[PDB]
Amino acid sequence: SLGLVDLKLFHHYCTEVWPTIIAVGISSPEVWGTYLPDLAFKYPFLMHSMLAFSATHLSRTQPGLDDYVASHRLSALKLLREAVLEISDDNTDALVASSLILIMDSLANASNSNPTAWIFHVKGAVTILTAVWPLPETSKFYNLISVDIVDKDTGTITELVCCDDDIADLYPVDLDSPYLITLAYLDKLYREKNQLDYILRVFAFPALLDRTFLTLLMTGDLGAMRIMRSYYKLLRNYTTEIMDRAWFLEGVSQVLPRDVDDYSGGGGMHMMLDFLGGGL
């Protein structure tokens, strides 16, 4: 059930929006400019994500679209949360796709805005992504990850270039460690900053933690939490440095504090819970 302004919003995407996605350092003009729009006709959930996104961008020059943005994001979150209950295999790329769009769009819509609303939308997208990962290798979206150096001359990580002084206490780490996988993931992603789709790898990281680590993290374990603070230093610094490059990362410095203790919704432990957790 749509109007004339939706045709325009979709024209605004195929026309102007997705070139800006490519421009910040994403790959595949074919997925973003061809595959997505086609999938959108099949999955209302991705369609509502795409329209909300392009109306957020249009809000930049055309006035009067604040309710489109708001209303479309909501439908997208709703349809997206309902869609996760029944995951098929033909709707998997469409979910991944709308998840990433909802992330870009929520970071763009973080005016300050509590930040509970933007955080809540991102949460949904993290739960959808967590849900569908791992992706078949058949997925055109199976380059939002990385392959997987750590451990040397004693068979236990002794040094990581990713942060080195941020997890020292943990050093050294056994191959048995539950922290191993994440640390390798995180370090390997870090030595990948000068490459295409880095922004999307950085984006997907919280959803691609192994369940062991994650279930461990939600108990508030200190090692894991220290580990994630390293991811956070990477995310925040990568984001605030490219604000001029990406229109939708603008003002992200104002919504992501330096010290997680300064989280506006509570404490660091609260800032983890607002971002992680699906809905069983």
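All residue numbers are counted from 1 along the displayed sequence.
Undergrad: As recorded in the PDB entry, how many deposited residues are without coordinates between residue 164 and residue 165: none, 1 to 3, 4 to 9, or 10 or more?
TA: In the record, the chain runs straight from residue 164 to residue 165 with none unmodelled.
Undergrad: For the C-alpha atoms alone, is the average B factor greater in 217 to 225 or in 48 to 56, going by the entry?
TA: Per the PDB entry, the higher value belongs to 217 to 225.
Undergrad: Tell me which stretch has the larger mean Cα B-factor in this entry, 184 to 192 or 77 to 85.
TA: Result of the comparison: 184 to 192.
Undergrad: Choose from 94, 117, 168, 107 the residue with the greatest Cα B-factor as stated in the PDB record.
TA: That would be 168.
Undergrad: Select lowest, middle or highest to describe the third in which the CA B-factor of residue 138 falls within its chain in this entry.
TA: Middle third - that is where residue 138 ends up once the chain's C-alpha B-factors are sorted.
Undergrad: Hey, what third does residue 152 fall into on Cα B-factor, ranked over its chain?
TA: It belongs to the highest third of the chain when residues are ordered by C-alpha B-factor.
Undergrad: Would the CA B-factor of residue 100 place it in the lowest, middle or highest third of its chain?
TA: For residue 100, the deposited C-alpha B-factor lands in the lowest third.
Undergrad: Mind checking which third residue 211 falls in for C-alpha B-factor across the chain?
TA: Tercile = highest for this residue's CA B-factor.
Undergrad: Could you look up the Cα B-factor of residue 144 in the entry and say which third of the chain it sits in: lowest, middle or highest?
TA: Answer is middle: the recorded C-alpha B-factor places it there.
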